[PDB]
Structure formats: C-alpha cells, structure tokens
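Participant: This is the structure, below, for whatever I ask next.
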Protein chains: 6
Amino acid sequence: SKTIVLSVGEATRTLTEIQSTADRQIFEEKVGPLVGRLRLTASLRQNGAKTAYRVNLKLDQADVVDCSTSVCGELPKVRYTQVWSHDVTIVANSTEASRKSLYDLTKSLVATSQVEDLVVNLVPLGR
Amino acid sequence: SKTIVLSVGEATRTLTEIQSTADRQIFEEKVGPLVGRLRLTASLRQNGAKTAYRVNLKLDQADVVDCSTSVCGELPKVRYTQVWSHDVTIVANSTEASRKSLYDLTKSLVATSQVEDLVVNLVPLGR
Amino acid sequence: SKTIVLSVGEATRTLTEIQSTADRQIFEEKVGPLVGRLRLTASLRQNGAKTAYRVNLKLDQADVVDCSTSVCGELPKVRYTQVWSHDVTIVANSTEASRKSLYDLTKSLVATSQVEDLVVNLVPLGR
Amino acid sequence: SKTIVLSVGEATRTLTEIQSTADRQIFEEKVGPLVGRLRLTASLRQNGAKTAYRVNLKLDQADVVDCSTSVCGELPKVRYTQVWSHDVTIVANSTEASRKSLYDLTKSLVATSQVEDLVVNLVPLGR
Amino acid sequence: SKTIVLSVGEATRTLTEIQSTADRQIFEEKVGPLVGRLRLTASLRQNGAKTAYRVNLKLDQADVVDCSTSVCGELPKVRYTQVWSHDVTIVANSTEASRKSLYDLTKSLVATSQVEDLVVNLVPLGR
Amino acid sequence: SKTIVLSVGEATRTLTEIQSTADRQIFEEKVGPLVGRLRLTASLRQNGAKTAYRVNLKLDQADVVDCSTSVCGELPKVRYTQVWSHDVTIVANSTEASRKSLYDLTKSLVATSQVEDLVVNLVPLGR
C-alpha cells in the first residue's frame, strides 16, 4: 500500500506503513522474520501554542542472527540494536527558503566522508 | 586550521573548528555578523561500563536580517533559530558491517524527496 | 600640545591631549564628528606603602553614524562603544630588565594570530 | 596539547594549557622552576541580555631566585610578581571591521616607544 | 595527530590522544575493535594550596577474544582487565635534580628482572 | 642478606631487606643518616574469594641536607619527601602472556623521554 524506498547504492530496501496516527506513523521492512525486521518511527507535535513544530525520527537497526542451523533448536534472536534519531525544530513562520537551506545542508552534511568515518570508526571530526 | 566543507549544489559554505573540549567540539562559519553564524555542536560519550557509545549532533541555522539598507542607522538582528539534532547510539562490539550499513541508510534516507518534502512543507511520509 | 601617534599599517592616526589631572591624562582624536572620537584615559596611582604602582589604560572606540543625508532632520549619533583597558601592576624595586621583558611579552603576545582571531572572530586560544 | 607561542625577537617562548573550565583557560610556561613560571588566565563571559561579551586576560610574571648554591639549605622562592590584565568589551552586533580596527589599534599602540618608556621607566605620555 | 609510542623490543604499539582536558588526558590504541582497545589515563591536581602536585597514571589492558569464528554468532568480548596505576607525589619547590633522581630510579627499578619475576610469577622480592 | 641493586648509569645504589611481615616487606639503603634513607615498601594481598591479586609499591625519596660544613654545630635535616606508588592489579587466572606483556609495556612506557619530561618538568604527554 503506502511505502518508502531506499537505495544502498545497488541494493534496495523497502518500508511499509504498518501502523498510523496522523500524529505518529511507523514503518517496518516486512521481509525477514518478525523480529529484527528493520524499523523506523516518525512523529510530530506543536511546542507551546503555535510557537513551533517538532519532528522526531527514530531508526532501529537490530542485528539479528539465526542458528537453528548449527545449534540444535535455538531460534533467531536480537544481538543488539543501533539507532539514529533526529529532532528537528521548525519555526511556525519560517521562510520557504530558510527551511530548505537547512535540509540541503544536513543532506550533504551527512554524505560527508568525514561524517561516516566518524560514525563507523569513531574518527573525531574536522580535517 | 581543521575544517569541514559543505555543498549546496555550486555554493560551498565552510566550517571551522573554533573549540575542542573533552566530550565537546564546536564548529562555525565565522564569516558574517557575529550572532548570525552557523553552529555545529558535536559530542561523544559512553554510558555504563563502556557498554555503549552515544553521539550527538546539533545544527543551528539562525535566520538573520540587516535593514541597514532600508533603515540607515541599523544593524543586523536575529529573527528565529531552527535546528536539527542527531542522537546516534552505537554498541561497543557491533560489527564494522552493522555500523556501516546504518550510516549508508540514514545517508540515502535523508536525500529522499519524501523527507525533503516532509521537512519543507510538512508532508507525512509514505507514497 | 602633548600628542601620540600610531601607525595602522600605512595610515597614521594622531591623538591629542584633552585634559591633564595630577594622576590622569586624557586624549581624543581631533577629527570627524565631535561626538564620537577615539578616547584614551591613562591613569597612574600608587599602592599603600609605596609598595607598587598601578597603571591603567582605557580605550574607547565609538561607532558613529551620520544620517543627515538620508533622513531630513537627522544628526550624527553613536550606535555603540567598544573598549580595551589595561591594568598593569609594577613593583617599585623591580629589575630594570625584569620590567622590560614584561612589556616585550605583552607586545608580541598581542600581535598573535590567535589573539586577533579571538578578539575579532571570538576564537578561544587553542592550537 | 593546546599551546601558544611568542617571539621575543630571536628567542621563542611556549605556553602550554594547564586547565580548561567552561569559561576560563589557563597556561603556564613549562620550564625552569616549577614554582614561578609564567601564567596566563584567559576568561570569557557574556553580559546580561547577551548585549555584549567581556573578555579578560591576566599575565603573571614572577621573579624567582635560586639560592641553593650560596646558602646551604635554601630553595627557589618568589621575590615578587608583576601583572598585566586586559578587559575587552565587545558588542554582539559589531561590524566585522569595527572590531578589527580596534585590535589593530591596541596592537601598534603597545609597540609605541612612549608606552614602552612608560612601562619601564615610568614616563607619562607627553611628546 | 597527538601521540605516544612504545616498543616491546621488536613490536611497536601506538597510542592516540582521544579525549583531553588540560586536567586529565586519555589515550587509546585505535586498532582492534572498539572494545578492549588498550587504554591509558593521565591526570594531575594540586594538593592543598601550592603544597604539592599529584600525578596519576592508569593503564587498562583488557584481554579480548573473538570467536564468531567458532561459536555461531557470539561476539568479541572482554575476559578480564589488568591494570597498573601510578600515584606520584611531587613537592612544589623541588630541586630539578631531586626530581630526576626519582625518575631514573623508578626507571631502572622496573626493568629489574626481580620486578618482572615478581609481577609475572609472583616471586617475592629480594635476592 | 637479601638485596636489590639499582643503576643510575654508572652509579649503583643498593637496597637491603630489613623487615618481612605477612603482606608487607621493607627495603632500605641503610647507609647515610638515619632519617635520610630510601624506603621501598612492597605489599601483596588478594581480595574477594582469591578473585584477584593486588600489588603495591611505595618509593620514598627524602631530600636531606647537612649544613654541618656551613654552620659548625649542626646536623642533617629533611626538607621534603617525594614518592612514587604503584597499584598493580592481577587476575587470578590471567595468562602468563597477559601478565608478561603488561610488565613489558609499563617497562618501556616509563623509559620514555615523554614520561621523563612529564615528571621532571610537568610536560603533558603526546607529541
């Protein structure tokens, strides 16, 4: 039905709206078993009255492992869970541009080798 | 000294390391007014017994305007400030793999037309 | 009468004496508007039992604006003022060289890329 | 770690970081006796409604003596200490150039034959 | 960037300043995974007022083991942790020599077959 | 009886077992004044259920001076005392390997120019 798609260069992972309030929606990758299935959480509220709007975004990548193959009966389980949440705060009367700027930056900001190098190998930022 | 560049298509805004504490570390595009400058606050800790590592990124885009052209005898002032923070959480023993993919995902995730739309116009996800 | 001159690279600005109390002198740059002109307040006192002498220097750079052109009925006024004061403390029986070295230090100290950056762009003294 | 260097004509003395509070840093010249070594106290605060920022610099030149040679049982001690502090006050919305000029002034200001004479020989600023 | 190197006769292990207050610095060997990575902690305070200076030095050698090779999924983990801390206490007005002596002794002291024999095989000191 | 020798290049100071309790054990260079003598306090315990073994080493260098040459009619007196303690912690089941390396490390670690510098002049580590 209602979905979202991402490309890992060549690969392609697809998310499906599983539950949904207009308030906060939730997506999952219905593929692997039931557990671990990669999840993403959306959100949205209004701080004070009309002051501003706050958007929240969680992302839960659980690392799963099946071994009923090598260990008698033991089932698939969750080793750990990694996350990446975003808390964006936007002003009510912003400039259509003022907002884009923000996006565009964060957009390229992330793509930065520096960033990933940080995240994956814990390499302090700046060069 | 230590810097970070950013691409907005052709435009390229550059950030400079101004401070470096223990857990903290701050960058900024010095140029322009004093108060009107882009802040990038980056942290890094490890709760529990080195059990996990938490990262944090704060981006501050203050929209500033100088009416020194319209009202002779005036200087720049700050309308409002919009932000974008990230709370990434990483497991101490995670696989270089897990850590990788996670980035790659968020990476493409953001570059999504859907996201952009959401942020700029407030368009709930899913299509 | 009693004056002081400074080289701003190529240009040279001149300060003239405006008053001479027993302890404190005062200088102003005779030029431009007679409202906000540069100021210097050099005071010299003695401590308790003639133990030491406490010098003091105040610098007053006012930022002035003339709207006589744009607004009909407007005069020169001062937006703001920025200072720089020094409080040197010297022991009576100091070594001749003892004193000098001090000066020399502060001298090259100020001419520091770091200091400059700190004062103008507000950059802490790392490196 | 975080250091500062100064040229005393030919020689060059180096200052190292000794502490880093949220507001104030502190440096000492790592050398000679560990009693009286040069000191620098760089503090930075903000005024009221973020109107302006108040920087402060303290310089501590202690005059030390080692009588281990002449007197049997004598150690290094400090005869006296001479300081030099700066209290710069800067307005938030200052003009980029507005600020600089200030620095530049104080710079060449200090390098003045007159200043030097005043500090060392105690000569008021006539001429 | 800022580092420290040690030789185990033929081998060579390198430490990198990861975090840093002028107060207490911290080094790690960014090589093996994230966990176990050999660590070293520095320190420094001032007992009472100017009384003396205390230096602290921890060293955490964790014994790590990977077996995702032989045990289904199980990850690398810490078996145990061994340490070696130092608490050196130095007097404010010490003799440049008085201090060295100390070092030099501890230096050779350690290299003593007696010492290692103690540490590794718990062989009471003295022969 | 039972002794421990030390090399300061050519110089060799020798320590003698004077006492031997249960957990304790003390050495000293008897020679010289009475109070002015080098102490080496070595201990050894095992907290918990033989879970771990803790070692402790205390080195006491008292700086002593006799002005019997300058002031006829006087005897030696102790200025101050500087120390160097070690708290090594060893796991009951650790590998002869682990235990080894650990020593070897500390061993070279100390012989480091960087350390020396640190101790004698207070030079924060890292280069």
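Numbering starts at 1 and runs along the chain as displayed.
Method on record in the header is X-ray crystallography, 3.5 Å.
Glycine too: its Cβ is placed from the backbone N, Cα and C atoms.
Pulled these from Swiss-Prot:
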- E:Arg39, E:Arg45, E:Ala52, E:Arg54, E:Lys58, E:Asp60, E:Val83, E:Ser85, E:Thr89: RNA binding site (BINDING)
Participant: Within the chain of E:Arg39 (RNA binding site), which residues six or more apart in sequence place their C-beta under 8 angstroms from its C-beta?
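Facilitator: Spatial neighbours, sequence-distant, of E:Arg39 (RNA binding site): E:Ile26, E:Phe27, E:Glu28, E:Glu29, E:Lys58, E:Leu59, E:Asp60.
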Participant: Can you check which residues sit near E:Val83 (RNA binding site), meaning Cβ under 8 Å from its Cβ, same chain, 6 or more apart in sequence, and list them in order?
Facilitator: E:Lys58, E:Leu59, E:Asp60, E:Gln61
Participant: Checking interface proximity: list the binding-site residues among E:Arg39, E:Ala52, E:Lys58, E:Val83, E:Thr89 whose CB sits under 8 Å from a chain D CB, in sequence order.
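Facilitator: Listed binding-site residues passing the 8 Å Cβ cut to D: none.
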Participant: Do any residues at least six apart in sequence from E:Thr89 (RNA binding site), in the same chain, have a Cβ closer than 8 Å to its Cβ, and if so which, in order?
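Facilitator: Listed in sequence order, they are E:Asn47, E:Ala52, E:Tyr53, E:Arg54, E:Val55.
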Participant: Relative to the Cβ position of E:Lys58 (RNA binding site), how many further Cβ atoms are located within 10 Å?
Facilitator: 16
Participant: Please report the number of other Cβ atoms within 10 Å of the Cβ of E:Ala52 (RNA binding site).
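Facilitator: Here the count is 16.
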